[PDB]
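For the single chain, residues carry numbers from 1 onward in sequence order. Side-chain atoms are counted along with the backbone in the values below, which use heavy atoms only and exclude waters and symmetry mates.
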Amino acid sequence: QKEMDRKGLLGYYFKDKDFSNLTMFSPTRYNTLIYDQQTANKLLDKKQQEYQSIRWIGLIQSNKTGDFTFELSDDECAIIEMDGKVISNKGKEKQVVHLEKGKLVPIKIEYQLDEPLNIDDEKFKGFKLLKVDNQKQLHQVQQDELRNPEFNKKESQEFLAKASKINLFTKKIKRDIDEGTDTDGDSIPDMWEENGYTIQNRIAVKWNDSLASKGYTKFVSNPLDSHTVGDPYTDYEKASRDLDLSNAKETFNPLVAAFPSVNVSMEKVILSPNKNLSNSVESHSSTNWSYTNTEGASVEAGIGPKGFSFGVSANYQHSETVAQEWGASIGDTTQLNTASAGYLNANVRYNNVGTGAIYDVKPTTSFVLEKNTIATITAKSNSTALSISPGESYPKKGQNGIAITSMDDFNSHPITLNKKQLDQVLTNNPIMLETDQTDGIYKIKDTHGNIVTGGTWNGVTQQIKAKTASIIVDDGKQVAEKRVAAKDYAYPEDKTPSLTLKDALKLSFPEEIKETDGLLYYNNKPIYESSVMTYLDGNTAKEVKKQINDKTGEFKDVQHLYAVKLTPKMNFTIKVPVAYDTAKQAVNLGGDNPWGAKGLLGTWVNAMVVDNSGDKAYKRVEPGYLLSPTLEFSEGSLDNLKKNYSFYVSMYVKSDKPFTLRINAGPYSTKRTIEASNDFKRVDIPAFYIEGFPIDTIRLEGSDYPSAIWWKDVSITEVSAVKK
Ligand SMILES: [Ca+2]
Ligand SMILES: [Ca+2]
Ligand SMILES: [Ca+2]
């Protein structure tokens, strides 16, 4: 789309004579009182661009100090209000107004026609605003003399809201909401915000299904709030893209907040017994973005009739908190294992894992090991403040991180660890990095349309949190956090549009998430509910169970986690699978009498895939005696599993008798007794990959003959590094 200035006025073009049925609104194009026809003609057939009333609204400044009267080119049907005063009324009652050069004052111009006029009529193209000086010398008011309303100012919202409820001709306040009313003064009529609108090159129209095929986005927003998600930008500034285009493109939707999230990660982590770092041990270190949300979580299962499950953290934290895990040593640890102190060095990297651009920030970071602070980065290490775009890092990806020993807080020294602490790091107790971003700023537009600093992110963080739910997606390589519009269903005057968790994933990940055959994929990997492991806080767990358990009211059709209607301060962490097996991509071995099934992870011995009218699942083979289905992992199928890591192996299962689910990894094997179910239910079993003890098989060991076992949607998701 065009990057447009805030010059000219904002034009409202109505079908009816009484400013009640708005057809389109747009800023006015250079030295005219009309709009861009190339864009308008794509949004609305030329034949429907015929209007019986027009309002132009915004600000005027004179290019010279003086005493002026005003007129429209067709003056007998125009009324002009300036600074709340009627200064011309159908060509009569002209007031002389003193205007100081460069001083913007509110202006509202209204025009009524006795029959509809097409925008392409001579008269429409001819409309101008004229300024008459003390000599009765006539001047067209120039584009640089005009500005749009200052959308983010309360006084401008009051001016727009008032203009939507009355007009200068009849002077009778509207008794009820119509298709012109703009209660919150964000420029977009209440009924458009509820029922749908689109904007292209700052031309806004009501939604029509003919706009879907042309690829336009249907926006909805809260008609009672100029900032539906509480971020620095109005609903209109977001939908119109009239904001810092460094913000992520998902934020050009009123229902997705612009919100930075700055964290710090560590790379090239070493330990030495020597202060000078000679004879350092290197590491297979890992960053665990969502550690506190997963490690030690409790699993709640058997949720609703579809029997889904989720994890619950007692220590839920957002994406500014990161865990650093040593992973494993590289090199001779003989010396380090006898030492009374160790010395840690690393490179650090700042990551903006949110959707909002942040400028001039000097983040503070604590480094905490088993509740003890071992280091702090203060403003002192970033005398040159940072500016980081969403999804980017400083230093940028492909550049080395910053050595801790080079940063001013560290005085050219590594991090000292006492003997106990050195053992804690080597045994995969995490170093927690918690980062704060309280001086970082965002950019806005001032009354003349200039880019200025708008304020600190700290100043908008409360309102964003109060109006949104948080979604964190962690694929074990990077993390991303989104804040999306949420609704309090207990408060009917909260007119925020309803959004599900699935709808929110689609809106907030426009590049990474696609929907294929009704299921979401994240960078071509599964992110559908049966494939992922989702972690909640206690509040969110209670809210989800309430919606599932409601069979009759607002939530009667909520039966799955991804169908949950978002409520304020809900928190979700989604772990994307590192391996998965779907019966939809499996083939039977043995032709007419199958004995096994080959899928994405390997061969299920003593299983076959069954198609029931398009619905595929695995079933245990039934030759007349008990067998145990056994997944023989193929060479390479578990190459994505981190060493010295814990996981969940999850699947949906149904059996008429109990069975034992076994993960064989030698001395690190796990097992669970699974109760009989009438319906598929999700089961989640912990699994361990300890270096030297690969995961060899999954086995479903039955109890009882005769019986049946069916399963589908096997997934493996990361938890965290295994403590030694
Ligand atoms: Ca509005
Ligand atoms: Ca609004
Ligand atoms: Ca329900």
Side-chain angles (χ1 to χ4, degrees), residues 212 215-220 228-229 231 238-239 241 245 247-261 289-290 293-294 308 310-311 318-319 351-356 389-392 397 468-486 497-536 540 544 558 560-566 570-580 582 584-585 600 640 650 713 715-718:
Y216 293 120
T217 301
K218 183 185 184 172
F219 299 119
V220 288
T228 290
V229 297
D231 90 5
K238 294 164 69 65
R241 308 196 181 199
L245 299 179
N247 290 297
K249 68 175 173 187
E250 52 272 27
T251 76
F252 312 164
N253 190 303
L255 303 184
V256 183
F259 183 58
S261 186
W289 301 100
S290 59
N293 300 353
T294 65
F308 68 86
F310 49 76
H318 295 109
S319 59
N351 316 288
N352 183 0
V353 302
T355 60
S389 293
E392 292 186 6
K397 291 306 201 160
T468 60
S470 171
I471 302 168
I472 293 171
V473 174
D474 182 354
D475 71 4
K477 303 195 246 278
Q478 261 290 358
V479 68
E481 181 165 6
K482 312 295 186 185
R483 288 198 151 271
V484 178
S498 177
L499 250 189
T500 64
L501 174 54
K502 178 166 180 169
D503 296 329
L505 282 165
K506 293 168 54 67
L507 275 186
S508 69
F509 293 88
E511 292 185 325
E512 292 97 4
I513 292 186
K514 77 194 155 161
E515 185 166 2
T516 306
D517 299 331
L519 295 181
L520 298 189
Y521 296 81
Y522 183 69
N523 298 319
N524 295 320
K525 298 188 295 203
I527 202 174
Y528 49 88
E529 179 178 341
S530 64
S531 78
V532 301
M533 191 71 188
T534 306
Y535 293 84
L536 310 185
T540 303
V544 163
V558 181
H560 300 273
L561 192 50
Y562 274 26
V564 163
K565 297 184 186 191
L566 299 176
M570 277 182 171
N571 285 314
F572 301 88
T573 289
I574 296 176
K575 299 297 297 278
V576 173
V578 291
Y580 72 100
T582 171
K584 286 189 194 46
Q585 296 174 50
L600 288 169
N640 262 99
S650 301
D713 296 321
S715 73
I716 308 183
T717 56
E718 297 180 358

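When the salt bridge (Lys or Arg N to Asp or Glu O under 4.0 Å) test is applied to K514, no partner is found at least two apart in sequence or on another chain. In this structure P390 satisfies the side chain to side chain contact (heavy atoms under 4.5 Å, CB included) test together with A248, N352, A357, sequence neighbours excluded. Under the salt bridge (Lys or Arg N to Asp or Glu O under 4.0 Å) criterion, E250 pairs with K482, sequence neighbours left out.
Here the side chains of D475 and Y522 are in contact, with some heavy-atom distance below 4.5 Å. Side-chain contact between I527 and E512 is absent, with no heavy-atom pair separated by less than 4.5 Å. Annotation: side chain of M533 is not in contact with side chain of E718 (no heavy-atom distance under 4.5 Å). With contacts defined as side-chain heavy-atom distances shorter than 4.5 Å, the pair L520/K506 qualifies. Residues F308 and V544 are in side-chain contact: their nearest non-hydrogen atoms beyond the backbone lie under 4.5 Å apart. Contact check for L245 versus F252: side-chain heavy atoms found under the 4.5 Å cut-off.
Here the CD1-CG distance, from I472 to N571, works out to 7.0 Å after rounding to the nearest 0.5 Å. Expressed to the nearest 0.5 Å, how far OG of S470 lies from CG of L566 amounts to 10.5 Å. Taken to the nearest 0.5 Å, the OG atom of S261 stands 9.5 Å off from the CG atom of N351. With values rounded to the nearest 0.5 angstrom, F572 atom CZ is found 8.0 Å from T534 atom OG1. Once rounded to the nearest 0.5 Å, the distance linking CD of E529 with CG of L505 reads 10.5 Å. Between the OG atom in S290 and the CD1 atom in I574 there is a gap of 11.0 Å [rounded to 0.5 Å].
Closest of all the heavy-atom pairs between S498 and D503 is O-OD2, 4.5 Å. The minimum heavy-atom distance between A258 and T251, with the atom names listed, is CA-CG2, 3.6 Å. Smallest separation of non-hydrogen atoms from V229 and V256: CG2-C, 4.0 Å. Of all the heavy atoms in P497 and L255, the pair that sits closest is CG-CD2, 3.9 Å. A pairwise comparison of heavy atoms in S508 and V484 identifies CB-CG2, 3.9 Å as the closest pair. Contact between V576 and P526 at its shortest, heavy atoms only, is CG1-O, 3.7 Å.
Looking only at distances, no side-chain donor or acceptor of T217 sits under 3.5 Å from a matching main-chain atom of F219. In this structure, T540 contributes its side chain and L536 its backbone to no donor-acceptor pair below 3.5 Å. Between the side chain of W289 and the main chain of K477, a donor-acceptor pair closer than 3.5 Å is present. Formation of a donor-acceptor pair under 3.5 Å by the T500 side chain with backbone atoms of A563 is not found in this model. In this structure, the side chain of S650 does not engage the main chain of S715 through any donor-acceptor pair within 3.5 Å.
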Derivation and outcome, side chain to side chain contact (heavy atoms under 4.5 Å, CB included), residues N247 and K238: CA-CA 10 Å; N247 290 297; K238 294 164 69 65; over 6 Å; no

Going through the distances and angles, do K575 and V473 end up as a side chain to side chain contact (heavy atoms under 4.5 Å, CB included)? CA-CA 6 Å; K575 299 297 297 278; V473 174; over 6 Å; no

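Within a 6.0 Å radius of NZ in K525, other residues, nucleotides and ligands contribute more than 12 heavy atoms.
In this structure, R483 does not pair ionically with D231, as no charged nitrogen and carboxylate oxygen lie closer than 4.0 Å. A salt bridge links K502 and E515; the closest N-O separation between the charged side-chain nitrogens and carboxylate oxygens is under 4.0 Å.
Ring centers of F310 and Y535: at least 6.0 Å apart, outside the cut-off. A ring-centre distance under 6.0 Å is not found for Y528 and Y562.
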